[PDB]
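Coordinates in review
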Amino acid sequence: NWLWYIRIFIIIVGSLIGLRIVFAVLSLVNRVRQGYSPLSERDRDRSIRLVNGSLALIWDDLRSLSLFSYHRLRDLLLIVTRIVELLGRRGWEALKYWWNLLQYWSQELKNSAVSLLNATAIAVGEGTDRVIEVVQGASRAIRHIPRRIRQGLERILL
Amino acid sequence: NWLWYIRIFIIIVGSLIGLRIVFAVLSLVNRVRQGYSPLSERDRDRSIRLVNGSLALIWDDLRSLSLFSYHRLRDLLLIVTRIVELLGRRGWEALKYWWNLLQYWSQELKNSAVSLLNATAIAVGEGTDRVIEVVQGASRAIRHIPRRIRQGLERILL
Amino acid sequence: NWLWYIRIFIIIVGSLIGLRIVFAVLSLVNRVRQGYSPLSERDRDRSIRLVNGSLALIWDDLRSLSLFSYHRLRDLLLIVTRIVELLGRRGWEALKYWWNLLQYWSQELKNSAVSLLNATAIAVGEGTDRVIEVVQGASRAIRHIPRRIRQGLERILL
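- Per the PDB record, the structure was determined using solution NMR.

Below, the structure is given as structure tokens:
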């Protein structure tokens, strides 16, 4: 019975995913070795030095983590909370992006609707253009709401 | 519980590969955090902004999506056909690369065979090497044509 | 049935991780799409030029793969193995770094331990500060920089 042998094989496939993490460096090699901006480098001989990166690897990881002024490394565990906390103050910009961004969207559809609907509204040609443009333009145009909302929302809490 | 509990255990183990996709985002951070060139940058404190990157995040993906205006977003639908139509016609240069590339080893192979065959060919007071050399030039050279399929195809594919 | 259809599904999940590699080419586009370092212009049509990359692939790959002079294409496979062997001797930088890596860790422990232990030691009138600094300082100071490990081992091991 090989099915059971195949059953654990199902689990091995899970192991395969962890294998992928090394591929991430291969992409970096590809990045330097294949150019820069879209494809539309002789150095690949040197890019093989990526393998040698194992020697170099203490430098990128320890530099921030422990940093030259040793004794700080125990202090760094406390700084990571501070780095997130310090930047999180500005993180509210989330509310910022949808109010401004969504606002422009209302604007282009407004232009498309006013053109098509106004044209169809004329029909007889008396004064339909007045009611169609004023009503649609009144709701979208007046819907304008300046920024500073996040500032007030943040200030009220702290 | 055992096999049934173990079966779902397989998909639970399978679940991580979707989690793994963030590593693609990590590679971006890696490029900056790894000193740019292969692993053979203090700014990671700055990379901490990536947590806050959510604020930045709706602008880069959407900018390409809607362009510098939601009116232009209407334009994106037209250019999308444009990019594919434009690149579909000139894109055939793919064949040109692989056509030349196939040809690349074909040249290396006959040249190597000539060195070995030409030298062993004489094996007496006779000009046997003249025979292996003439066959090399006539067969390889005549195996192709002066006409470029890349150019002819672009002019005959409308 | 059901479980069997679902059993092979894991095998599809294995395919799913293989699917993920394509993201690496996307990451190239994303690097450009992210402005520069993560996310914290009109060129989105230029990122589309990645599709044009099929024609481009001849230029990055041909020079690296076949090089300028011919007969190099077989040479590319041999040199790749050759640089690993050549650079392997230099690969020993693996150990020089771990020695320095653990060495600084001794440093954070040395100043941290002496500061706390020596501070509490003054409570005793005799000369405790002498024994506290001398013992900690003796192990780190004397062990600091023992000798050239990589030079001696690399020179003997070629």
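Regarding the relation of the copies chain C and chain A
- For these two chains of identical sequence, chain C goes onto chain A by a turn of 122 degrees and a shift of 0.1 Å along the axis, with RMSD 1.7 Å. The transformation just described matches what one would write down for a three-fold rotation axis.
- Here only 18% of the contact residues of chain C are again contact residues in chain A; the copies associate through non-equivalent surfaces.

Describing the interface of chain C and chain A
- At the junction of the two partners, chain C supplies 40 residues and chain A supplies 31 residues.
- Buried area between chain C and chain A, summed over both chains or domains, comes out near 3300 Å², and the portion from carbon and sulfur atoms is 71%.
- Looking at the side of chain C facing chain A, the largest losses of area belong to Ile17(C), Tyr97(C) and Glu108(C), adding up to 17% of the total buried there.
- At the junction of chain C with chain A, the criterion picks out one salt bridge.
- A salt bridge links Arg74(A) to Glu108(C), with the nearest nitrogen and oxygen atoms 2.6 Å apart.
- Scanning the region where chain C abuts chain A turns up six residue pairs in polar contact.
- Put simply, the parts of the chain that give the side of chain C that touches chain A at least two residues each are α1 (3–19), α2 (23–33), α3 (44–48), α4 (53–65), α5 (72–91) and α6 (93–121) of chain C.

As for the side chain of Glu93(A)
- Structurally, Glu93(A) can be placed in helix α6 (residues 93–122).
- Not counting residues within four places of it along the chain, the set of residues in contact with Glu93(A) comprises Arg150(A) and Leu55(B).

Examining empty space enclosed by the protein
- In this structure, the largest cavity spans a volume of roughly 90 Å³.
- Along its surface, the largest cavity is lined by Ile10(A), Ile11(A), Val13(A), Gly14(A), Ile17(A), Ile10(B), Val13(B), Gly14(B), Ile10(C), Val13(C), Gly14(C) and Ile17(C).
- Of all elements in the fold, only α1 (3–19) of chain A, α1 (3–20) of chain B together with α1 of chain C reach the threshold of two or more residues within the lining of the largest cavity.
- Tallied by class, residues from the lining of the largest cavity come to nine nonpolar, three polar and no charged.
- The volume enclosed by the second largest cavity comes to roughly 70 Å³.
- If you go around the second largest cavity, the residues you meet are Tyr97(B), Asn100(B), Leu101(B), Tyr104(B), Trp105(B), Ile58(C), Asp61(C), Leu62(C), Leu65(C) and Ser66(C).
- At five residues, helix α6 (residues 93–122) of chain B tops the list of elements feeding residues into the lining of the second largest cavity.
- The class makeup of the residues in the lining of the second largest cavity is seven nonpolar, two polar and one charged.

Focus on the nonpolar core
- By size, the foremost hydrophobic cluster in this structure holds nine residues: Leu55(A), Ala56(A), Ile58(A), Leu62(A), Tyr70(A), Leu73(A), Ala94(C), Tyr97(C) and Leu101(C).
- Contributions of two or more residues to this core are made by α4 (53–65) of chain A together with α6 of chain C.
- Considering each element in turn, this core owes the most residues, four residues, to α4(A).

Some remarks on the layout of surface pockets
- Taken as a whole, the largest pocket holds about 820 Å³ of empty space.
- Around the largest pocket, the lining is made up of 33 residues, and of these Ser27(A), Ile21(C), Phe23(C), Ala24(C) and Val25(C) lie nearest the centre.
- In terms of residue count, the dominant contributor to the lining of the largest pocket is helix α2 (residues 23–33) of chain A (six residues).

Quick look at the interface of chain B and chain A
- Taken together, the 31 residues of chain B in the interface contact 39 residues of chain A.
- Summing both partners gives a buried area of about 3300 Å² for chain B against chain A, and 69% of it is carried by carbon and sulfur.
- Along the contact surface separating chain B from chain A lie zero salt bridges.
- Where chain B touches chain A, the interface holds seven residue pairs in polar contact.
- Broken down by secondary-structure element, the contributors of at least two residues to the side of chain B that touches chain A are α1, α2 (22–33), α3 (44–47), α4 (49–66) and α5 (70–90) of chain B.

How each quantity is defined
- Residues numbered from 1 in each chain as written, not as in the entry; some residues may be left out.
- Chains lettered and ligands numbered in written order.
- Heavy atoms only, no water.
- Least-squares fit on C-alpha atoms.
- Contact = heavy atoms within 4.5 Å.
- Buried area = accessible area lost by both parts, 1.4 Å probe.
- Salt bridge = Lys/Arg side-chain N within 4 Å of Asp/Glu carboxyl O.
- Polar contact = N/O pair within 3.5 Å; in protein donor to acceptor, adjacent residues only side chain to side chain.
- Helix = DSSP H or I, 4+ residues; strand = E, 2+ residues; numbered from the N terminus.
- 1 Å grid on protein atoms, 1.4 Å probe; cavity = no way out; pocket = protein on both sides within 12 Å on 5 of 7 lines; lining within 4 Å.
- Points joined across faces, edges and corners; volume = space filled by probe spheres on them.
- Nonpolar A, V, L, I, M, F, W, Y, C, P; charged D, E, K, R; others polar.
- Core = buried A, V, L, I, M, F, W, Y, C linked by side-chain atoms within 4.5 Å.
- Buried < 20%, exposed > 50% of the residue type's maximum accessible area, 1.4 Å probe, protein only.

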